[PDB]
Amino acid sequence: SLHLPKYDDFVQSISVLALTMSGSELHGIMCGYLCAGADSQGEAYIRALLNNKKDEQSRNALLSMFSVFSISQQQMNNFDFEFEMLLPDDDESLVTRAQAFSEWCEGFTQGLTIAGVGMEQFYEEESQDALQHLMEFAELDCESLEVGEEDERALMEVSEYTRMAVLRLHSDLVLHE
């Protein structure tokens, strides 16, 4: 097996960068590049987040983002390894987890786009349907969600749907053209 780091470890490891987005959004962005097979472009994007800074903290942040990118690259490209979305732990609040899920999708869709992939690049119709749903998940209002069984289940379902959809989109893009 091969697993992403704990969510809060990752978040702490990039805190010094004072980024404008969540760990989850950032991971969604990485996975957008990787889904499109724009691996080298993803790496360049991560480098760019340092804005040329060269101190040891910034450097350690870079190494951590690269470790995550490489784990994701392997999970997305090897059927022997389960693909994971970097999201807060299950004991966080429903509202925290739902916002992070939405930001994950926003990052992923933006990543795809910046990597030159939209609706027309997909061979399968299942993929286009899925991209559209991810675009809706990205626009999701986390405050409507209500604590209890129903919405926990709802979040769990859309989260698992998104996880698989990313893998199917990736196969579509990679095995055509």
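Sequential numbering from 1, following the sequence displayed.
Looking at mean Cα B-factors across 112-120 and 38-46, the upper value is held by 112-120. The stretch 85-93 shows the higher mean C-alpha B-factor when 85-93 is compared against 98-106 in the entry. Ranked by C-alpha B-factor against the other modelled residues of its chain, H3 falls in the middle third. The entry lists a Cα temperature factor for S13 that places it in the middle third of the chain's modelled residues. In this PDB entry, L19 carries a Cα temperature factor that places it within the middle third of its chain's modelled residues.
Ranked against the other modelled residues of its chain, the C-alpha B-factor of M156 as given in the entry falls in the highest third. Ranked by C-alpha B-factor against the other modelled residues of its chain, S144 falls in the highest third.
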